[PDB]
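> Partial complex here, more coming in a sec:
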Amino acid sequence: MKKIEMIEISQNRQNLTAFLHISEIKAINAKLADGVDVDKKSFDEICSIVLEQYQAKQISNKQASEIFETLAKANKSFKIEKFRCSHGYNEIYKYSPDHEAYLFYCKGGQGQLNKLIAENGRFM
Amino acid sequence: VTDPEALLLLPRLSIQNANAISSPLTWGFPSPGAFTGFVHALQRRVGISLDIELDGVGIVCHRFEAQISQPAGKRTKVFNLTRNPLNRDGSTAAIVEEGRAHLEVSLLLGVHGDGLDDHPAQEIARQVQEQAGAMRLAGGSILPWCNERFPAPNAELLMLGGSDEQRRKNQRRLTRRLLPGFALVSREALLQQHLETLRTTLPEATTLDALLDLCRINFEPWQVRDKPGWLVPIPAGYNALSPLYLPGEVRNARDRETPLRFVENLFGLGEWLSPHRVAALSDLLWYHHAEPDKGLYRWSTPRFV
Amino acid sequence: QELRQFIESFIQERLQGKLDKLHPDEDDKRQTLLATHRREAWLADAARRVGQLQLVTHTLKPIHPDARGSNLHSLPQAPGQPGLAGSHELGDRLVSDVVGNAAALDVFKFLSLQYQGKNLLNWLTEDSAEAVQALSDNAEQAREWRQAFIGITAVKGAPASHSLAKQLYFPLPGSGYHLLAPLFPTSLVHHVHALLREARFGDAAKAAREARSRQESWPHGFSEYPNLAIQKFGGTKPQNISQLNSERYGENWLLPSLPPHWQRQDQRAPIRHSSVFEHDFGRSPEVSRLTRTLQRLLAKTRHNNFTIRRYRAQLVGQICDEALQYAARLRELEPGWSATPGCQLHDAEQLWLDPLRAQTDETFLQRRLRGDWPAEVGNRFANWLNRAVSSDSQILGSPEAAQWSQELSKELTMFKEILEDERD
């Protein structure tokens, strides 16, 4: 387990409170530091604390991998992305919340997708 | 630039994939310089051997469609392109844009030569129409005859021979088979007097073509200003911006036996008229004149109204 | 000596702006080299790159991007003939494009800041009193900088053309020919584009539209340009072509020069009781503007009555020709004409604006409409025209309704002679 997957798994999910059973709360408390504590917390502060501890040369990679594995099992809601690229057929679709589907937007590949993501923002 | 001795019809020329852009400022019908260059090429390839002169052209547009598209309900239009072959390395090439159109027109020509006296008229009309169906007019090829219909064979009207009542009835006869579309004429004097009317603010002439090709509404202190017809901005010749060079001076020239000059477009005004509302049919004809001492190379239609 | 902080601030902004690409493993000499080269010798680097660019108002690249030839900077002399619009009309309003390789274009920014803030835009090369206390250099460096920044306006090329350029032929009066090589009017296009985008959207053009929506419109102007077309130059990278091209975002707009009818729609003159007998008038969708002008055109006073009367006569004369072309292309275009719905009543329009004989041509079919008197159609058309031009005691009691009837009479008097030369 690397880090790029850590910031990916931190940003693509929603922010949820009380998303953990108490067994997983003590399981996570057994795998974190002594001083800091998480209780009645949301997702993003937990990701910020474990990212700050992994930026420090104090928490190991298997331990942060167990933390991010537990956060991967726990969170079940994802953010809907604004743009989606169909890759072999060279098409870019845009999400429309009124149809609950992706409608056709333009022709292009990965460079055009990165361009409209940088112009409009990645998530809804 | 004399009154022509005869008129020559070319009845229904269907052209496929002509050039639509025609100017750095307009995009509609092709420029009339294409039509005058076409009749000069036709003169060079026929009339030297048939002992005649062709100088005039009358553009009657029967119909017109363009390869355009309308994006997203926007108030603009784009051009449908073509797919070019691949590159030498084999990836793709950069795209240059050009517009294509399908038009159907008719062309009446003026003959001044002495070949009319010694040969039958229908032979000259048939040979000109047969030679004209093998070259192109605006960058697009001239389509030939289709089955299951009767084709139109062109005739040679004589203008300088006959009585005046027979003249007027022949000119009313030839206007029967050219009424579906309209004719295109030039309006330099109307643009000049409209510049001189509103000259109390800014005397730039380019702000006059951009004051007749719009919908201006100055409402009450809901009314639309009375358009006197169909005014269109057209290209009206060329204007030099470089001295005349020698036949060997400029490299990559098209021909090394003709002097060369750099050049800008000139923009004028034109109008689309019904063919009934003209006095005679020789008022329509387009001519071109050059002043090589200046840089003025201009085509227009003289002797109209 | 107060012009020494502007160029230093521009160099410092360029040096601090080269930090968005941060690499801590491939910057052993990249960061230090970018900081050291962009400190003092950046003026020499701009002077080395200034030779590629050229100040040009007529570019050759728009025609083709592969073509390499000769671009010209000139303002042509005014023509003698009246009624011609061109790039000669531009006076003080002219702007200059810059042509060359794209990597030199940022150096033009250092040549383009002299017209902003200070007044030494013509003081970079000559008049070095502002080029010494703000240059802060020696004499040889000042001479080299004056030679480098003066080369923007030079000729810079031998007179050449290309095989992908145009080079058309034009005929002389009774002689040979001339070769004409047209170029692209960059500056005229930029001026027309600046005049067009402000009319499309801006301060006063949108405020007058807000006054239009608030239904309280004062005397002011706003324009409307219908069915323009878009032409694109370059592609995804439009800075290769010209500096001016990038400003328009590698684009330019074209005005409609189209013929009177470019969108033909089939004409419904079939056997219909409401589309045959009631179709003796010809209510087309292109007569709404003429009808609206004829409706609100019959109220003017005698203080300006001449132009209004001439406009009404011109509108009627145009409205006759539209009906003539619609009769010539609508029934004459479709190769079929069956029996009308209610042939005892739908036969006037089916006889006048009807085709020739067909497969159902009976004995009294080709000997009825061509042998009878084709002169009732003029009075029938006048009866339709009488509804459009409103008459009452307000006009009939005055002396203007008599001329308004005489104009329609003089127009419909040719309706039997020009509309009666086919059969008879």
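On my side now, so go ahead. Numbering: from 1, shown residues only, chains lettered A, B, ... in the order given.
> My understanding was that residue A:105 contacts residue A:96; is that so?
No: between residue A:105 and residue A:96 no contact is recorded; they are 9.7 Å apart, counting by Cβ atoms under 8 Å. Heads up, the C-betas are built off the backbone N, CA and C, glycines and all.
> What residues are bridge-paired with the closest residue to residue B:13 other than its chain neighbours?
Once flanking residues are discounted, residue B:13 sits nearest to residue B:105: 5.4 Å by Cβ to Cβ, 6 or more residues apart in numbering or on different chains. For residue B:105, the beta-bridge partners under DSSP bridges are residue B:13, residue B:61.
> Same drill for residue A:105 and residue A:96, tell me which one is more crowded.
Shown here are residue A:105 and residue A:96; by other Cβ atoms under 10 Å in any protein chain shown, residue A:105 has more neighbours (18 against 11).
> any idea how far chain C is from that one?
17 Å (Cβ to the nearest Cβ, to the nearest Å).
> Just give the closest residue to that residue, not the sequence neighbours.
If the residues on either side of it in the chain are set aside, residue A:105 comes closest to residue A:94, at 4.1 Å by Cβ to Cβ, 6+ apart.
> all strands for chain C, in order.
Here chain C has its strands, by DSSP state E, at C:54-56, C:58-59, C:97-99, C:168-171, C:177-182, C:184-185, C:229-232, C:251-254.
> tell me what the last one is packed against?
So that's strand C:251-254. Judged by 3 or more Cβ pairs under 8 Å, 6 or more residues apart in numbering or on different chains; DSSP states H and E, strand C:251-254 is in contact with helix C:186-200, strand C:229-232.
> just the first one next, same as before
Using 3+ Cβ pairs under 8 Å, 6+ apart, the elements in contact with strand C:54-56 are strand C:97-99.
> Can you get me the start-to-end distance on stretch B:146-165?
38 Å (Cα to Cα, to the nearest Å).
> And that stretch, what's buried?
B:154-157, B:159 (16 or more other Cβ atoms under 10 Å in any protein chain shown).
> now stretch C:343-352
By neighbour count on 16+ other Cβ under 10 Å, the buried set for stretch C:343-352 is C:346-352.
> Make CSV from those residues and add distance to chain B to it.
Shown next, in CSV, are the buried residues of stretch C:343-352 (distance: Cβ to the nearest Cβ, whole Å):
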residue, distance to chain B
C:346, 25
C:347, 24
C:348, 22
C:349, 19
C:350, 20
C:351, 19
C:352, 16
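> include chain D as well:
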Amino acid sequence: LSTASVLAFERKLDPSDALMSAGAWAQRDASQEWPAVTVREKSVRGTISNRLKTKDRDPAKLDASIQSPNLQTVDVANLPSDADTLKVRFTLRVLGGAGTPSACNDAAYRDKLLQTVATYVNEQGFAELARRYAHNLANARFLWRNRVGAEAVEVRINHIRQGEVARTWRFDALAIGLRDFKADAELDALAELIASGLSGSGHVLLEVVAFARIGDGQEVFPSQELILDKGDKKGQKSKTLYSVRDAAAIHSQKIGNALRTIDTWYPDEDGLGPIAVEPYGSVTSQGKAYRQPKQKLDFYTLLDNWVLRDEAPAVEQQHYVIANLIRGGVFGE
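With chain D added, the chains above now look like this:
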């Protein structure tokens, strides 16, 4: 001497846009009033089926991404539900004088090219090239995907001198394959007519009609257009198919590409069969380019060695240079 700095040739053998109509077999000889096929619209909805990224697969994310489908609106053209065949009609004219350029700078290069083409035509006619050009009219390669899966394709070709038919030809396009070039007793008359029109006298007009028995209510494949899309909330594309006057059609350059499929002399193999005659001969449906300039088998170096240095190539590779002189193009130094 050297190559002219401005060199250009004009397109001979130009077709028109072909038009598509529909009807029934065994009435195809009275197919002048057959109604045209029209372009309609329908809506499609699909799911994720593309090869997704090598580390963003994520078996809980793919389930969340499957619940939002794609949604489009496309143009489509079908045969009617009572019509059996498809008729495709176009016209072709052969223009003649296939050696003279449209633009040339020098006067010595022009006459050297003139005598080179003169020795070619004097040594052998246009008979091989016309025999290869008439194959793509005898079979029906110009209907590209409308030929796959048909059970009967026939082609009627008629020659037009005055406003009447001078001679007629009827072929069976499925017997004549798409791989070899063989000479029949009826294909030689058409080859001689094309070779006589291609030698300079005027122009020769032919009209080509193809009938394909495709099914009953099945879909047909006209050309589709290349546009730069809309970019707003609305429906951006219609996958736009090409039309002339409310009738589905094929472009002129696509039929011109189908007639040009000639050269089997390219040094890769004759396993792909013939390709189209291009300088640095490249295929758009293959992604790459044969006849590279690292070898000496492209158009430019062969013409440079044949005109300037006067070393004639093999008689097979002499046909390729004349082929893309008949094709046309713009070449400059």
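> so what's residue A:90 up against?
A:107-109 (Cβ atoms under 8 Å, 6 or more residues apart in numbering or on different chains).
> Pick out the residue nearest the middle of chain B.
For chain B, the residue sitting closest to the mean C-alpha position, by Cα atoms, centre = their mean, is residue B:32 at 2.3 Å.
> Contacts only, for that residue.
Here residue B:32 is in contact with B:57, B:59, B:184, B:234, B:286, B:299 (Cβ under 8 Å, 6+ apart).
> Report the buried members of these.
Buried members of the contacts of residue B:32, scored by 16+ other Cβ under 10 Å, are B:57, B:59, B:184, B:234, B:286, B:299.
> Please produce CSV containing those residues, extended by secondary structure and distance to residue C:65.
What follows is the buried ones among the contacts of residue B:32, written out as CSV (DSSP: H, G, I helix; E, B strand; the rest coil; distance: Cβ to Cβ, whole Å):
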residue, secondary structure, distance to residue C:65
B:57, strand, 35
B:59, strand, 33
B:184, strand, 33
B:234, strand, 28
B:286, coil, 34
B:299, strand, 30
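> want to throw those residues into TSV with distance to chain A?
Listed next are the buried ones among the contacts of residue B:32 as TSV, based on distance: Cβ to the nearest Cβ, whole Å:
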residue	distance to chain A
B:57	43
B:59	39
B:184	39
B:234	36
B:286	43
B:299	42
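> biggest separation within those residues, which pair?
B:57 and B:234 (14.4 Å; Cβ to Cβ).
> Okay, and residue D:45 sits in which element?
Following DSSP states H and E, one finds residue D:45 within strand D:40-46.
> Flag every buried residue along that strand.
Quick answer for strand D:40-46: no buried residues (16+ other Cβ under 10 Å).
> Can you give me every residue that contacts the residue in the stretch 251-400 of chain C that chain D sits nearest to?
Distances between the stretch 251-400 of chain C and chain D by Cβ to the nearest Cβ are smallest at residue C:264, namely 8.4 Å. Residue C:264 makes contact with B:63, C:329 under the criterion Cβ under 8 Å, 6+ apart.
> hmm, 10 Å instead?
Contacts for residue C:264 (Cβ atoms under 10 Å, 6 or more residues apart in numbering or on different chains) come out as B:63-65, C:329-330, C:333, D:245.
> could you dump the residues you listed to JSON lines with neighbour count?
Listed next are the contacts of residue C:264 as JSON lines, based on neighbours: other Cβ atoms under 10 Å in any protein chain shown:
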{"residue": "B:63", "neighbour count": "19"}
{"residue": "B:64", "neighbour count": "22"}
{"residue": "B:65", "neighbour count": "15"}
{"residue": "C:329", "neighbour count": "18"}
{"residue": "C:330", "neighbour count": "19"}
{"residue": "C:333", "neighbour count": "14"}
{"residue": "D:245", "neighbour count": "12"}
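> go ahead and place chain E:
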Amino acid sequence: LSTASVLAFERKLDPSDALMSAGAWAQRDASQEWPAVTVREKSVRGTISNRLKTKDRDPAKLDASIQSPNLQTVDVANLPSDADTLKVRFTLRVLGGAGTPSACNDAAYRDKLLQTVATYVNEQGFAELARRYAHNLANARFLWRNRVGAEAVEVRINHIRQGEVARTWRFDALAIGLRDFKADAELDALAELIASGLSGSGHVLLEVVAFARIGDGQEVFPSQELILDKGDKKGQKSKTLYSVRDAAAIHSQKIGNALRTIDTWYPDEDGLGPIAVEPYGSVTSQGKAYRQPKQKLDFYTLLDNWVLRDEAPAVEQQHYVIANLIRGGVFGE
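That brings us to chain E, laid onto the chains above:
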């Protein structure tokens, strides 16, 4: 070795749009001049019935929202009141040559891909896939919601060679289920014909008619269209139905989806019904993906191990890859 960057296939089963008409049972042998089913519109007035977020679920807000009704206009298609059966008719053609791609960059990849498909067809024919394809024409699965609650469904299948009938089949679509694949004596002749078409040794064109007895004046279900503008309260059109020239119809891709409901080999279950063949075989009604890429059973893993590394993925899962190649698409990079 790696996969080519351009690799495309075309579909081998071509159906058309299935149009519908209506009539009476025990006259279905004279059902050639039955009148079509037309689309009408009507007005609906609904109420609120969705979940509330309990932030603005006040006791007065609900009663305020009840007084402002939502008024809409919908499209609807019913049977006539003197008719009780629906008739659905289309045609189908089977092309064959299902291993050769349409476009390919690499020539070293396509030769060994054709080698792999050739050893599959030589090892076992197209008999299993054609059996499962003929089952989905026997039980009338292409009537999606027009099949639930029906009293009796009957299917006629013809074989067309020229404008004649070569063979005829009649089936009871309700006796043959939607769960099992059991071989009859009359279904195996149709399976042999479809395999003969898919192999390449013959031209196969079928026409399929299905009769469904429902009731007098009951509602039928054609294909539904996309409405670009957002649904707008108070009189806006809300749904539209597909049509051809004043007759209701079903899209060709929807009756094509009901033919490739084949695979029971997905690792979740096999007794929960066959689903449609797809990469990462997914049902959008269920919102989940069987054949996840986390296992080794999607199309792009099995294809890239069968060709690049020569690892056969078991006979049961080898029909999945060939069915995906019969389906079509753009694979590769």
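> Check what packs on strand C:54-56 one more time with chain E there.
Under the contact definition 3 or more Cβ pairs under 10 Å, 6 or more residues apart in numbering or on different chains; DSSP states H and E, strand C:54-56 sits against strand C:97-99, helix C:243-247.
> okay, these in TSV with distance to chain E and mean neighbour count next?
Putting the helices and strands packed on strand C:54-56 into TSV (distance: least, Cβ to the nearest Cβ, whole Å; neighbours: other Cβ atoms under 10 Å in any protein chain shown) gives the following:
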stretch	distance to chain E	mean neighbour count
strand C:97-99	38	22
helix C:243-247	33	20
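> how about these, which one is nearest chain D?
Counting by Cβ to the nearest Cβ, chain D lies closest to helix C:243-247 out of the helices and strands packed on strand C:54-56; the figure is 17.0 Å.
> how distant is the closest one from the center of its chain?
Chain-centre distance of helix C:243-247: 19 Å, with Cα atoms, centre = their mean, to the nearest Å.
> Kindly report the same for stretch C:408-419.
The chain centroid and the centroid of stretch C:408-419 are separated by 38 Å under Cα atoms, centre = their mean.
> wait, what's in contact with whichever residue of the stretch 101-250 of chain B sits closest to chain D?
Nearest residue of the stretch 101-250 of chain B to chain D (Cβ to the nearest Cβ) works out as residue B:134 at 4.4 Å. Taking Cβ under 10 Å, 6+ apart, we find residue B:134 in contact with B:45, B:141-142, B:144, D:93, D:95-96, D:202-203, D:205.
> try it again with 7 Å
Each residue near residue B:134 by Cβ atoms under 7 Å, 6 or more residues apart in numbering or on different chains is listed here: D:95, D:202-203.
> Make a PyMOL selection of whichever of the residues you listed turn out to be buried.
Selecting only the buried entries of these in PyMOL, with 16+ other Cβ under 10 Å as the criterion:
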select buried, chain D and resi 95+203
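> Could you list every helix and strand that the strand holding residue D:45 packs against?
Packed against strand D:40-46 by the contact rule (3 or more Cβ pairs under 7 Å, 6 or more residues apart in numbering or on different chains; DSSP states H and E) you find strand D:70-76.
> Could you list the residues in contact with the strand it packs on?
A:93, A:99, A:101-104, D:39-46, D:219, D:235, D:238-241, E:226.
> Residue D:231 in helix, strand or coil?
coil (DSSP: H, G, I helix; E, B strand; the rest coil).
> My read is that it contacts residue A:106, right?
Yes: shown here, residue D:231 and residue A:106 form a contact pair, counting by Cβ atoms under 7 Å, at 6.1 Å.
> okay, those two: which has more neighbours?
Taking neighbours as other Cβ under 10 Å, residue D:231 and residue A:106 compare with residue A:106 leading, 19 against 14.
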